[PDB]
Structures are given as structure tokens and as C-alpha cells.
Amino acid sequence: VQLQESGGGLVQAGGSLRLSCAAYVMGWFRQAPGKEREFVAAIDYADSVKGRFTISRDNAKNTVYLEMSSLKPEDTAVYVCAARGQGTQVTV
Amino acid sequence: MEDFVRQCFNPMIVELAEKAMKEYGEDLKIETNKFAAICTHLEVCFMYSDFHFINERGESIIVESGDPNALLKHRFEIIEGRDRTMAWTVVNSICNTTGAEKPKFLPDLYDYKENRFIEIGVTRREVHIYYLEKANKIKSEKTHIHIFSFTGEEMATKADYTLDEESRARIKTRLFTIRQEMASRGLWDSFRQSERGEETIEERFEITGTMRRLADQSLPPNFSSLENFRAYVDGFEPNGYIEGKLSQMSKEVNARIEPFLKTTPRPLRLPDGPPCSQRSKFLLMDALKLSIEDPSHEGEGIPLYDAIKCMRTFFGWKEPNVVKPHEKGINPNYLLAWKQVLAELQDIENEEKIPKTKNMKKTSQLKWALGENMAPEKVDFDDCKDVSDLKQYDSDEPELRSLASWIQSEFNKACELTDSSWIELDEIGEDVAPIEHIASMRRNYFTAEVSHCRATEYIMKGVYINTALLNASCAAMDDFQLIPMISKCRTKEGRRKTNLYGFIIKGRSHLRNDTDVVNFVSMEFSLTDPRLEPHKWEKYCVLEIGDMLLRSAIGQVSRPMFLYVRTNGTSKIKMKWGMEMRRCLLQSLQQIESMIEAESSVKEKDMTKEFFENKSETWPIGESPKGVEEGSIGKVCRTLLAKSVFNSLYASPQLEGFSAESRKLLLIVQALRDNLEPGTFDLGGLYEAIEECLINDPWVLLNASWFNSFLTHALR
Amino acid sequence: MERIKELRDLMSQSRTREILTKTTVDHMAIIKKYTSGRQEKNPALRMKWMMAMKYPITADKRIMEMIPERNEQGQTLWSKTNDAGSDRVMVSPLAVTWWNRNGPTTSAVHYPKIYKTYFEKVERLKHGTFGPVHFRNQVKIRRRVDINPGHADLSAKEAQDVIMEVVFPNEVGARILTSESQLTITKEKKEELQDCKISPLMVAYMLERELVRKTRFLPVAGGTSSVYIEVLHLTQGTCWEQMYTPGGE
Amino acid sequence: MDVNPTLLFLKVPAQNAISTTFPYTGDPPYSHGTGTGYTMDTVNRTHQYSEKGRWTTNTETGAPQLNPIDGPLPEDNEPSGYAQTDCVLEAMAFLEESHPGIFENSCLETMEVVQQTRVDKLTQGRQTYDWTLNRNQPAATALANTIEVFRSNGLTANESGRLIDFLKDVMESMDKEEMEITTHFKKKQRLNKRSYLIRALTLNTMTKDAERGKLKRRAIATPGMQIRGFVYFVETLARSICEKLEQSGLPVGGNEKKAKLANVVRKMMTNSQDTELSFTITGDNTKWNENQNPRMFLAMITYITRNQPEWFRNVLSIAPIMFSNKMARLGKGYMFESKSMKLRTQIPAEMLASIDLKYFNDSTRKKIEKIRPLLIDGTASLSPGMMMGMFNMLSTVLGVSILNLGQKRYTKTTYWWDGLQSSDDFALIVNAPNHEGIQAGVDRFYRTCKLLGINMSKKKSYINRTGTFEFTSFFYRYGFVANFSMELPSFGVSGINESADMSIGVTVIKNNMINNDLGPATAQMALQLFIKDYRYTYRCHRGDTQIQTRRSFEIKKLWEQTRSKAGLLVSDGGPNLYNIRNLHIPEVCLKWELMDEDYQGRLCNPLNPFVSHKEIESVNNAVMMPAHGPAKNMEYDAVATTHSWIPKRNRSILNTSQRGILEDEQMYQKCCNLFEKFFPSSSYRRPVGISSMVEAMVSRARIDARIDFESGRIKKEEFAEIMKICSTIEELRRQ
RNA sequence: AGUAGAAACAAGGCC
RNA sequence: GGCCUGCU
């Protein structure tokens, strides 16, 4: 299992972003520049991201999605997919 | 390829497949595609069975996760994933509970709705061939079969598909996941065809390492290796090698036959030394009986009361005094023990009810007489090494003793009739067959002949004494116990009677091994003066205890009445074998009945009655100074019974050795008397073998004297 | 319910858990025969020596809750001290006789159906007819003869599968009996012993004895029939012949 | 007139009254103390009968070994163990020629058995020398301990459940640098290579008791568990071979022995014409076991297994290879007494190597001085010859080869001989036209025997005309004559239990009536005496008597309670209905129709707490060691009643450091009972497989709960409870 | 002392 | 003095 993340980038605070991972159970983790791994969402959601962020998957496209809304500067991280991907940069 | 099963599948399935791999004993490193194929089969089995539940209805309830409840029934219950023994256990259990038919091969699942089996198999090839293949493998099957194949197609007979279609979409999604993941791997160069059904193995038992060197040191002297010796053996063929060594072997190696003639056999030499002493555990020829004339049977009654009542029947008690000392012990101890026994007997007489079994006081008298606290204390060698006196136990040939004439007279009077019946036989099933009537008549004749015999009285005495002694030893291990010697007979008039020979005091009997010795002291009344044959009473202490008056035409005798007191001992084995003395009756009467049957095979008729009444035929059963004396069949019965009784009484290794080595010579002599040209290779060796068994036992020495007399009378 | 419960209780304690985990099924027999008790060399001597003790026999713990500890006069019937290497308790021989005079009673009607061989022997002898005894030398010649008169023409292994399927239908395994004689024997001995509660092991042993053929070498003179060999001790002797006809004929 | 029974032989031939010459009514001789003296004497005697051999020192065990094979030919009639390899190979070749296909077939069946044999077959044996504790223990216990030690050391091939794999592990253990054992006083001790080699090659020596027919005591040996599998396979091959030889009599019973003896004597005498004379030699072999070299058995087996798979040859050759290097433990030791200080001491035999000789008498001093050079680690090397009839069947094969070597095709002379051999005993019928021919034939037979390491006891042997002879206490005089004195010791209570003793006694009476020509009236007397002894032993008197015992009260109340008192068993104080016609019927079935239904139900109640059945093998089999013979087993007919209890055990283990064995026994028995309740066929057919207990038990719990709901008492509540309890025990076994 | 006979018993061990 | 074992 190889993994490729898409959908990261530079965004406004209070903005929205749709991450996707093309490629079993899946999830999303994030890594901020000063730390190790942080749990985000999986397909459950961590307290720092609950209500804001939704995880979904298509098993006929073979893709797991992370829909992120009302973004904060604290969400600035490399978001990795795992089944590990290389990660997609999200900067808020 | 194994990296795939490292990566994808869960642990549970991989170790299940590894144990299935170990099942049939083939190794995973040589061919792994089978592992992957059957683990995928097992995975489809799970994924098809799980997530499928049922409730009291049919119409399986399907839940993605079993909720906490009693409603966790599984729709399909798995067969495979188990050992062959358990797979067939489940097969048989389902057949016996469901009333269905037993398949001959392994199914994969069972279902309730349709009450039957499922044999799931997903093969690389397309379904529409594998299906009917496995179908013709299985004979006349009602178990429904369902198979998938990688292309994504499904099929089944009856057009039957037993559960939801989304589950089957699951199955084929799993299937193509497998397929286009090997696509990334690239295994189809062999995946379609990797197993062809190979079953072969060679058993290997290789000698190597140390065990090989041992094999190199277990050969004939001039061989260096097991390989060379085996090659020599394989190349060996018979070329007359026994003849060469036979010719070369010295001619002094021979088995020359020495003729055995009438003048060849010489009388067996008997050992010389001090006369032989008495070894019995009770008096045989010099016993005296105090009686009550009660109606009780042998076992019926209480011992102590009967003994006291019998002893009160005699009047004339005197203060006991020493007549013949032990010559090695302390006779005053025996005197005091006798008076103590009398005093405690009176003490029992006074109280309310005679106890069934009495314990005596442990005075110094019986402490010495019973050998108490005399065993050396057991210590460790590291603490006793400088003691000069420390040495082995005395282990040498027993003392040599010459035969005396008392044993001959004792055996003579052990075969004599009596004025009582000493055997009261048990009951048997009423005879129904004529042969049973013949047997009963024969048995009645022998009982009439042997019941009035001192041998039977000795049998009963020994049996009772040894039984009581063993029971007391096993029950009262610690404390000294009193046991009166009791034997019950029946007079000619028919009145039952009890007889009290004396008393036995049993001592400490903590017997662990079959050879451990329990010591007791025996006291017996008698009238035989010990001043006439002192050498026969070396180990006895004899007192004078009273006077007896037996009615005789010479006024009335008013004879003295002495007490033979001694310290004796026995063991568990000796007690057990002495309590089975009744088989002497068997031995003897089996011999007599064999005689009767052998003679009756000549004349076509039972010959018992005339043998026992007419008494015309007689057998040599003893020698008198005039010559050999013959007696009727009854006397032969009594003689053989006495011989067996004395064998049981004076048993010893000497007796066994002499019996064997003298039976050999008896057979040789019989062959000589039969004109069969007997021969021997070393007769002196046989004689030396016989003569080494005769050391000090009176019985074996008497047997040797009898054998010498038989040789003298034979060989004529 | 219970069975898995003592299973869990056993697995609770570490030692029994280890024994259950590391021990494989094949070693079952070994550990089952694992004992410190030597086989007696002289049984008669010790049977005559042990019976003089109090509490010389052994019985299951359940005896402590069916038979009172003492009888009317106070003679003890059982003790609570367990045997050397077992949970059974040592008890007195009176506890046997007590069980035969006030112990629980059952319906022994099916024992005749189980112990078929012995009851058939009894029935055969009860209806036998004896005859005159003829005294003449018998030329006893030694011959191989079958002693079991009810053998169903089956060997040990051949009837062992039948016995399992009759008693232990689930542990048969691969074997499904082909011969139709075995089919009828299974049917008969299944419907006959359907609820008998003596013991599976004794039922299997007696079925093995009844169906399996067994042969031994004996000195015979005449006869040679299975029914005439069981009474060989009563019909033939050293110098006498007793004509006999068992009840079967 | 003086009575003399022996004079009876002047009218009755010796064999017609030979029973009188068997004093089997008294206690047989027993040994009292150590058997170390006998062991040392046997070792020295075995080594000095082969003194002229050649000495070597094993590079593995470091022990001195004496090889007499191919040594100088004997020049005297004394016993000699100088067997010649070529002569014995030629004898085996002639045996094969006279019986073509014998070796190949026997090897085929032996190969089948070896490759299908299981490990559990080793449990079916009597005492064996466990090396884990250096003591004799039951075969099953020793096997379990050795398997545990092997598994702890890393040898787990025996988990395959095959005896061949167990032997593979045993051999692999020989090449290990350091093994570990357990000792209780638990301490883990390390055994180096040489120490373990000697512990696996050693034998335990004891003194034989209850041996009737000789003044002196003898010593016997018991091997370990590593070597018993090879011995089993070798003896299987030897038995398969001897079963094809009519001249052998070891693998058969007594009646077959008599039949073969009669056949051979008739064949030899009848075929002999008027011109040929016939003579029978009743021969015994002196020092039979001490003069049989294991190397010669190795030669015989490697000749037998020619043109066979090499693995079969290796596995069958391993046994004699180990016997050739066998060691013997000296014994218990020696006990000393000091009368001056009034004490006693017990020194173990292992100190004989270094202990001073001031404590020993002259005879023992010299024995120790002679045996010391062979002492290695408290045990003496006994390479030259076998100790006690471990290879009985191979010895019988060698004797049969000797017997067949005189079939008149190899004699090349007018004289010829045949006969029957059973180890240590033989009957030899030799025919020749004249006395000179008979003398030459017997001389050549003796000479050939001396070339194979077999000696004829001239002192215990004699030759007469054919028609009268002896063989293993069977006296033939124009037809075998019954003795009945050999079976006399078996007429008492066996000592198993009440019902078992009754059935065994009646069956023994019946058998001795059938075989040993026991008379009808004698049989009735035996029944009466046996019933008397039985009642007096089990305290079960007629009940209508006033014999007060520890059991006379309950018996009397049962008597007064019963209405039809004729149905009461003798064990419960009832009348005896046995007779000559009823000796083949169990007591329960003979009194079945007379019992009251209440007493009948109380007696034969399955729920009785007394009856205990362990395995199919021990249901109605009683091991009675017969007098003058090896231990034997008998099938006795009995009905499982409340009287079928099993007696108390020893109970002396509680005072020994080996006290934990009882706890292990209890736990193993609890687990076995649980498994049996889970697997009812555990007893009748021993389960097989490679899974562990809890897996099978939990999985069968799953399935049985399931199906017993699909019809039965279980309910959904209970079924789910069982399922989740199974899960609970699963996660418990996880941790 | 006694039993017994090529070595033992005439209680053992543990506190 | 108290308690344990009797083929280990």
C-alpha cells in the first residue's frame, strides 16, 4: 500500500479545505514543524478538530477524504494519510 | 511471496494457516503459494461466516458489530480452521443432532435455515469447472456447494445463494483486491498453477556424532568402523568356517558321557556338628490341651474368656520354678512373665466383660524377652568412621549341625490318627451332576481319612496363630498384646470342644519390609520332660507349673506338667504363608486323587471305594528294621499331608535348593530303574550342588537321610 | 455449564493453567499414567495386611455426602483424609456393606442386557442336561480353539470402530463402517443400550469382549465347539468323561 | 516303623509323583538387604569368563571395555565368552538357507511397526531406571520426566508423537555439550557430555526375591528410558523371527511348549529306524546371560537386516551398540554395624570406588579390589556380556540356529540332532546308529555351542534314552504329566479386591482343572478352602454365625434385612453356591435371580463412590506374578459391583523430599478427568493430535453448547454465557 | 537374647 | 510430653 495525499495548501483562517488520499481502515494524522504525530480523524476525531473536520471514504474510488472547515492557525501542519503517505502541507 | 502474508492478513489467520501447515507435516519454505491460497480460502470462510447472526426466527439478523446481548448466534458456523480430529468431531456431532447425512470430505460451514453444510472454495480457475470437479469428488451430496473465482463470477446449483448479495459484493471486492494487489507484486507466473498434489517423504535415521563413535567401538577386535563391518557382513558367505575351528579347537573340549550304573551313585553325605534344634513356632509333638466342651464353632466365641474358662478346668497349679534354663537368656524374666500373664488373666476375670483383645504392661521382663530398644540407632557414616569395631553385618555360611532322631519321631507321630476331627469344612453348591457326586464322595472319604490326623491339628494351630499374630501386629503396632492359642475340635461322640495350648505375647510390630521381624514370646503347656532330649530345646526355657492326673489303670499317674517358654519371631511373609497352610491338604489329596485316577484309567471304573475300604493295595511309606513297610491309601494320604505340613513349617532356602538338586538325581535314578541307559556329564558337580544345601535345617537333613535310604533300597 | 466452569477454575491457578497450555493432546496418556505408585509385587500379602487396618479402601469424595461418618454403634465408615496422589478419601469396608443395606437403590434391569456374555453363560448352564460319567483313558491332544461363544466374526480393531460408533458416535472420525453385519450390530446395540447409564468405558469393554473373537490353545478331547469349551473343565478329565449338552442345543 | 515319603517312589514312578518334590507350601526365600555384593560378583564373573580378550578404553565414556570376540579358542570345559564372528555369521547364514525369506519378511513387518509405532507404547512397561532422579520409577513417570527434560533442553521432535522421533531426539541428546536436570531437596543442575552419556548407558541393579529353586540369591537389572525404544524394536524383530521357527519356544505359552516338545520327540524317534539309537539330553546352560556378548547380537542383526533401508539398519543397530557400552549401577550400598558403640550405618554404593577396605570382609574386599578398575562415576562397565535376559528373543534365535545346524545336511555324518531351545534351557534329541555316534554328535554339539559363547551346564544336565526328559519344570514320560505344585501358590486370595479375588480364584481353579489335570474332589476341596480363606481375609463371614469382627454387625443386619438370603454374595455374608459346574460363572450372575431387588439395586449402582475405572487396559486385567516364571496378566470375568473398590496406596511419599510428585499427580488427574468429561473416548481410545488441551476443550465447549441447544437442556442465556466464558478462558490463556 | 542367613530385622524420619 | 508414615 502506497499513499498519495492531495488538497493541501495556503488558506485563510475560518476557511475550508478538502484533503484527499489516493491509494482496510484509514485515517489522517498531522505533524506540525515542532512536534511528532498528532491524531486527527479516522474511518473518530480528536478534541482539537471535532465538529470542524469530517472524514469520509469512497471504496470504489479507493480514496479517503478529510473535509476541514473553520480552519485555525493551529491546524498548520503536514497532514499524512495512513493505512504511511508522504503528507500534504496545510498552512492556515 | 511470503511478504504478502506478512503484510496484508491479520495475525489470527496467519497462525491458523501456520498450524494447518504443521498439520500435514510439509515445510513452508519449499512451497508457499499453497499457504497463501488456503489462507485466502480461510479468510473468505471467516468473512462469509462472521457478521451474520440469527434470532429465534430465520431471516438472519446482519449486524456490522455484535451488540452486548444473548443474541449473538452466528448464521454460519465454521468447520475448517480446526484440526482433522475436531473437524470430524463437528461433522459427526452435526450429523447426530441434525439427523443429516455424513459427508466423506471436509465441509467449511453449517447453516440452520437450510440445515446443511457449505464447502467454500475459491480457486484461480473459473468456477464453472471447479464446481463440478469438486462435485464429482463428493459422492451424492446434498450439502450445497458455492465457489467464487477471481474474475468476479459466482455460481451454484439450485441457483441458490444463501444470504445477502452485499456480502457477495464484499467477497468479490476482497477477491479483486487480492488480484490487483498481486498485480503490484507479480505472482501469476505460478499463481494459477503452483500446487500439483505432491505427497512423498523418506524416513531418515542417521547415526552421527558421539553415537557414531560408540558404534565404532562395538565391533569385533579387528574392525575399525561400522561401515567396514557392515560391508564385510554383506560380503560374507558360508565357506566352511565352523569346521575349520572345530578341527583346530582342542579335543579336551568334550562332553563325554559317563555311564550311570547301580554302583555309580553314592550316598549323600550329611554335615557333622552339634545336634539339630527345634525351629517351629509352636510345639507339635509335645502339645497339651485344656478343654471346656463348649458348643461354639472355630471362629465363634471370644478368645480371652475361652482361654480363662479352659484354664480354670485344670486344678493342681504350683508356684513355677526353673527346670531347664534357656542357656543363653535370663530365665527369671520368663518366670516373671508367666506369673504376670496369670495375674493379668485373673485381672480380666474380675472385671465386667472380658475384652475381645487385651494389651499387657511393658515391664522390663518382656522388654528383654521381646527385644525392645536393641536395634542399633541409625547414624551417618561421616560421624562414625574412626570406630575400630565398625564393620559389615555378619555374612557367612550358617552353623553346621548334624541330624538328630527327634525329627524322625516327630514326623512319625505327625502322621498318626487322633480322637478328634480337626477340620470343619465350609459349604458348597448342592451337587447336581453325577461327576459332582463322585467328587463329593471322594472328598468325604479323604476328609474322613485326614481329619483325624495330627497334621490337620498342626495346620489349624498354625493358621489360627499366624492369623491372630498378623492381625494384632497390623492393629496394635505399638503395645504388647496377649493372644491365647485356641483350637476347636469335635469329639467322636460329636460334642464340640475347645483346646488351649498356651499363650503368645506379641511385641512391637512396626513392620515395613516383608522381611522385617516381629518378635513374640510363646508359652505352651506340656507333659514331656525336657531332661531326655535337651539338644532339641536349645532355645527354650522350660519351667514346672503343675501336676496333671489322667485316668489310667496304673492307679493314676499324677504326671508333672511343664511350661515351654521361648522367644520367637516371624515376618509378614512368614505370617502370610503360615496362614495359608490349608493348601497342604490340597497338595496331598491332589497327589492321592491323581494316583486314584491313574489307576482307574486302567480299569474302566471308579476305584476309590475299594481302595479306601478293602485296603488290599499298599504303597511303600516307610522302613522298619525288618524291612520296607507298606500301608493303605489312607496312610499314604496322611504321610503326604504331614510332609506338606512340615514343608510349610520348616520352610527355608536350604529346602528349596535341596529339593531341586535332589529331584534332578531322583529323575536320573528313575531313568536308571526304567532301563533307559542314563548318562551324566559331571555327576560330582551335581552331588556337590546337593550337599551344599544341607547346613543346619532339621527338615532338609531328614529329607536327605530319606533320600539316602531310598537310594539304598533302590538300585537293586 | 459445569464442565467449562471447572475448566475456568483450573485455568485460574497458574500451575494447572501451564499444564493445560503446554501439554499436547498426544501426551494425554503419559501424564494420565504419571504416578508415583509402584505396581505391587505381592498383592496377596498386602491385601491380607491392609484389611486389618481401619479405612483400608478408597472411595470418591462424594461418599462423604451419601453415607454417614459413623454407623449405629459409632463404627466409623469413612475418613476425610484423602489418598496419597488423588482427591479420593480412604474409607472402611463397612461403608461397602452399609451401601448394600441402606444406600441408594436403582433399577438394575438393564445389567442383564449389558453383561450379555455372563448372563448367556448362566442361561446356557441352567438348561443343560447331564449324563452318565464314563471312566476310560482320555487322549487329551492340544489344539487351538475359540473360547468366546458369542464372537460376531470380528477382530479387535474390526469391532473397535463398531464399539466407538455404538458408544462414542462423535469420536469415530473418518471411519464409517462398510460391512453390513457391522451396520446391523450397531443398530441393535444402539437401540438396546440407548439410555443405559452404567459407564461408557464398561459398556465398550463388554461389547469388545462379546463381539471380538478370541482364541487360545488348550488340551481338548472331543468337543471342539465354542459352547462345549467353556465347560471343558466339567466334561473332560484325566480318566473320566461327563456327557453334557448346554441349554442352547 | 519310621515313615518315609520318599520310599513312595519305589512303587510310583518319579514323574507320576513329582508333585511331592516341590515344597511350594512354605514361604519362598527373600533377600533382606543390599544387592551390591551380587552385582559386583556378577560383574567380576562376567569379566573373568572373558579375561583372554583385549582391553580398550572408550573415547566417549572413558570406561575400560573388554572385547573377547574372535579371541583364543577355549582349551577347557569352563564357561567361555570367546564367540567367533565368522562362526556365528555362518550359523545365521545356514539358518536363513534352511528358512529362506525369514529375515526379509521379519524385517518388513518390523519396519512397518517401527514406522507406525507411537511413543505411548513405552508406558506399557514395569519399573524403569529414571536417570533424572537416578532411581527406579514406573515407566510412564520416567518417560514423562525424560520428555520434560528434553523439551526444556530444546529437543522437541518427540512432539511429533512418534517413537522413532523420540529415538531421534534421544540420539541428538548424545551430542549436546550441557543438559539440565531438576532435583528436589528445586535446584537446576548441569550435566556435561560424559556424565549424561554414562547416565543414559547405565543400568540399575536389584536383588530378585520370591525365587524358588536355589539356595543363593541372584541380581537382576533394569535399563533406562533412552534405550528401551531400541530394545522394543529389536525384540519385535526377534519375536517376528522366532514365530517363524518351530524349534523356538520362548514366544509361546506352556501348552504350546508341551505340544511342540511332543511333536519333536515323536518326529525324532519315529523317523529313527530300528538301527538308529535315540538319546535325549535335558540340558541347562550355565551362566547363559553372562557369556552373551552384545557385539555378537549386533553382528546377528546386521546380517539379518542386509539389503534393507539403511535407516532401518541404523535404528535396529543402535540398541546393541549401547549394550556393548552398557554400565551397571552397583546397587543400594552396604550397611555396617558397630556393636561396641551399638550403632548402624548405610554407605551408598557410589563410595565403593574411594572408601577404604577396612570395613569389608575378605570376600567383599577381594570383590571390590577386582571391580574397582572398572568403576567410572559410581558405576561399573559391563561390556563383555548381557546382565539379565534383556535380549531373550535374540538368545533364543542363536540357540535355534545351533539346533538347526544339525539337520543332517550340515553334520555330514550318520549322527544328527534336533530339539527345542528356550533361553537358558533346552531339550536335545540326538540320533545315531551306535553309542559312538551319539557320543560324537553330543560332543560336536557341545563344541559348536562353545564357539558361539554358549555353555552347557554339565552339573545340571543328563542324557538318557528318549521317552523321558524334562523342560522348564514340565516332566515328559511317554506324555507330559501334570504337576499342580507350580500353581499351588496361586490358590489363595489374589489381593486385587473382593469381586476380583473371588473371580480370579474360581477361574484359577477352573484353569488348573483344564490344564494341570486337577481332580474333581481336589477342586471341590480347593473351592472350600479358598472360600474359607476369602471369608477370613475380608471379614465377610456367613452372617448366620456369631464370629465377631470389625464387619460382623453391618453384615448381620443386612442378613436379617434380606428375605431371600440365598442371593447374598459371599462378600456380603451369604452362602456359597459355587461348584465344579459353576466355576466359569461370575458370582453376581450366579446369584442374580436370588437377590432381592432392593439389595440388587444397592449393590450394582453406577453412582457408587467405590468403583473406579481408569482405562480399557485395566478394566478386568490382573497382574499375577506366577511362581517360577515372569510376571503375567490374566483376564478375569467380573461384574462391576460396589465391591470392585481399589485398595489404599502406599502413602509413604509424604515423608520424602519427592513430595511434590503427589501434587503433580493430583493436578494431572484433575486435568485428565476434565478432558475425559470433555472427550468421553479418552480412555477407550487414547486421543491423538498435535494441539493443546485448552484449545480442544474450549472449542468442543463452543460446539456442544451450540448443538445441545439446537436440541436439549441449554438455553440462549446459557449458550451465550458459555460462549463468552469460552472467550474469557481464551483471553486468560493469552495472559 | 531372638528371627534369619552371604544381609538384614530387632521402627523411621521430621522438630 | 504433643503430632506424621508404614511397598517410595
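In terms of determination method and resolution, the entry is listed under cryo-EM at 5.32 Å.

As recorded by the PDB entry, chain C carries the name Polymerase basic protein 2,Polymerase basic protein 2 and is attributed to Influenza A virus.

Under the PDB entry, the name given to chain A is Nanobody 8203, and the source organism is Camelidae mixed library.

So, helix α1 (residues 36-48) of chain D
Residue and element names in this part refer to chain D. Between its terminal C-alpha atoms α1 stretches 18 Å, which fits the 18 Å expected from 13 residues at 1.5 Å a residue. With 10 of its 13 residues buried, α1 lies for the most part within the structure. When α1 is considered as a whole, its buried residues turn out to be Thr36, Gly37, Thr39, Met40, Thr42, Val43, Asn44, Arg45, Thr46 and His47.

Focus: the interface of chain C and chain D
Across the contact, 121 residues belong to chain C and 139 residues belong to chain D. Surface buried jointly by chain C and chain D totals about 12900 Å² across both partners, of which 62% is contributed by carbon and sulfur atoms. At the boundary of chain C and chain D, one finds 43 residue pairs in polar contact. Per element, the largest residue contribution to the side of chain C that touches chain D is 8 residues, and it comes from helix α1 (residues 2-12) of chain C. Its residues placed into classes, the side of chain C that touches chain D shows 62 nonpolar, 29 polar and 30 charged.

Quick notes on the arrangement of the chains
The interface with the most contacts, out of 4 pairs of chains in contact, is the one formed by chains B and D. One finds no contact linking chain A with chain C; the least C-alpha distance across the pair is 33 Å. As for chain D relative to chain A, no contact occurs, and the smallest C-alpha gap between them is 25 Å.

Comments concerning the packing of helix α8 (residues 156-167) of chain C against helix α9 (residues 180-192) of chain C
All names here are of chain C. Interhelical geometry of α8 versus α9 gives an angle of 35 degrees and a closest axis separation of 9 Å. In this structure, the crossing between α8 and α9 has a hand that is right-handed. Contacts between α8 and α9 pair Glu158, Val162, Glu165 and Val166 from the former with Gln182, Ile185, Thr186, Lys189 and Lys190 from the latter. Looking at side-chain class alone, the contact of α8 with α9 contains 3 nonpolar, 2 polar and 4 charged residues.

Things to note about the interface of chain B and chain D
Contact with chain B, which involves 175 residues of that partner, is made by 182 residues of chain D. Taken together, the links from chain B to chain D amount to 17 salt bridges. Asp86(D) serves as the salt-bridge partner of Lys245(B), at 3.7 Å between the closest nitrogen and oxygen. Here chain B is connected to chain D by 80 residue pairs in polar contact. In terms of residues, the side of chain B that touches chain D owes the most to one element, helix α21 (residues 653-673) of chain B, which gives 16 residues. Looking at the side of chain B that touches chain D residue by residue, the classes come out as 72 nonpolar, 46 polar and 57 charged.

Re the state of the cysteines
Enumeration according to the criterion identifies 1 disulfide over all chains in this entry. Note on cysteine connectivity: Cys21(A) is disulfide-linked to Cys81(A), with sulfurs 2.0 Å apart. Measuring handedness by torsion sign, the sulfur bridge of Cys21(A) and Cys81(A) sits at about -80 degrees and is left-handed. Just as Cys21(A) is buried, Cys81(A) falls in that class too. Looking at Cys276(B), it has no disulfide partner, and the nearest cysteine sulfur is the one in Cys415(B), 17 Å off. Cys453(B) provides the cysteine sulfur closest to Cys637(B), a residue in no disulfide bond, and the two sulfurs are 9.9 Å apart.

Details of the pairing of strand β14 (residues 496-506) of chain B
Residues and elements named next belong to chain B. Of all 11 residues making up β14, 10 are buried, and the element is well covered by its neighbours. Where strand β7 (residues 290-291) meets β14, 2 bridges bridge the pair, whose relative direction is antiparallel. When the bridges of β14 are listed, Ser291 appears paired with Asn499. Of the pairings in the sheet, the one linking strand β13 (residues 481-491) to β14 comprises 10 bridges and is antiparallel in character. Residue pairing in the sheet places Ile483 in a bridge with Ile504 of β14. Linkage of β13 to β14, two consecutive antiparallel strands, is achieved through a turn of 4 residues, within which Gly494 is found at a positive phi near 100 degrees. Two elements, β14 and strand β15 (residues 517-526), share 5 bridges in a ladder whose sense is antiparallel. Across the sheet, residue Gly502 finds its bridge partner in β15, namely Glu524.

Focus on the side chain of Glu661(B)
Tracing the backbone shows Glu661(B) in helix α21. Using a relative accessible area of 7% as the deciding quantity, one classes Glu661(B) as buried. At 2.4 Å, the side chain of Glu661(B) forms a polar contact with the side chain of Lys460(D). Residues contacting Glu661(B), with those up to four places away along its chain left out, are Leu686(B), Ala689(B), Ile690(B) and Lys460(D).

Remarks on helix α12 (residues 392-404) of chain D
Residues and elements named next belong to chain D. Helix length check: α12, at 13 residues, gives a terminal C-alpha distance of 18 Å against a target of 18 Å (1.5 Å per residue), a fit within 8%. For α12, the buried fraction is high: 12 of the 13 residues fall into the buried class. The set of residues buried in α12 consists of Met393, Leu394, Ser395, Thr396, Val397, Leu398, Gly399, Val400, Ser401, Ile402, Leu403 and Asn404. Buried residues along α12 sit against α2 (85-98), α7 (228-242), α9 (294-304), β16 (416-422), β17 (425-432) and α13 (435-450).

Considerations on a nonpolar patch on the surface
Residue and element names in this part refer to chain B. A grouping of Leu550, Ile554 and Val557 is seen on the molecular surface, where their side chains present a nonpolar patch of about 280 Å² in accessible area. Relative to the helices and strands, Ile554 is located in the loop between β16 (540-548) and β17 (559-571). On the basis of relative accessible area, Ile554 is assigned to the exposed category, the value being 66%.

Rules and cut-offs
- Residues numbered from 1 in each chain as written, not as in the entry; some residues may be left out.
- Chains lettered and ligands numbered in written order.
- Heavy atoms only, no water.
- Helix = DSSP H or I, 4+ residues; strand = E, 2+ residues; numbered from the N terminus.
- Expected span 1.5 Å × (residues − 1).
- Buried < 20%, exposed > 50% of the residue type's maximum accessible area, 1.4 Å probe, protein only.
- Contact = heavy atoms within 4.5 Å.
- Buried area = accessible area lost by both parts, 1.4 Å probe.
- Polar contact = N/O pair within 3.5 Å; in protein donor to acceptor, adjacent residues only side chain to side chain.
- Nonpolar A, V, L, I, M, F, W, Y, C, P; charged D, E, K, R; others polar.
- Axes fitted to C-alpha atoms, helices over the stretch in contact; angles between N-to-C directions.
- Left-handed = near helix turned anticlockwise from the far one by under 90°.
- Salt bridge = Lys/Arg side-chain N within 4 Å of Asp/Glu carboxyl O.
- Disulfide = S-S within 2.5 Å.
- Pairing = 2+ DSSP bridges.
- Patch = residues over 30% accessible without salt bridge, like charges linked within 9 Å, V, L, I, M, F, W, Y side chains within 5 Å.
- Areas by Shrake-Rupley, 256 points an atom, 1.4 Å probe, with all protein chains shown as cover.

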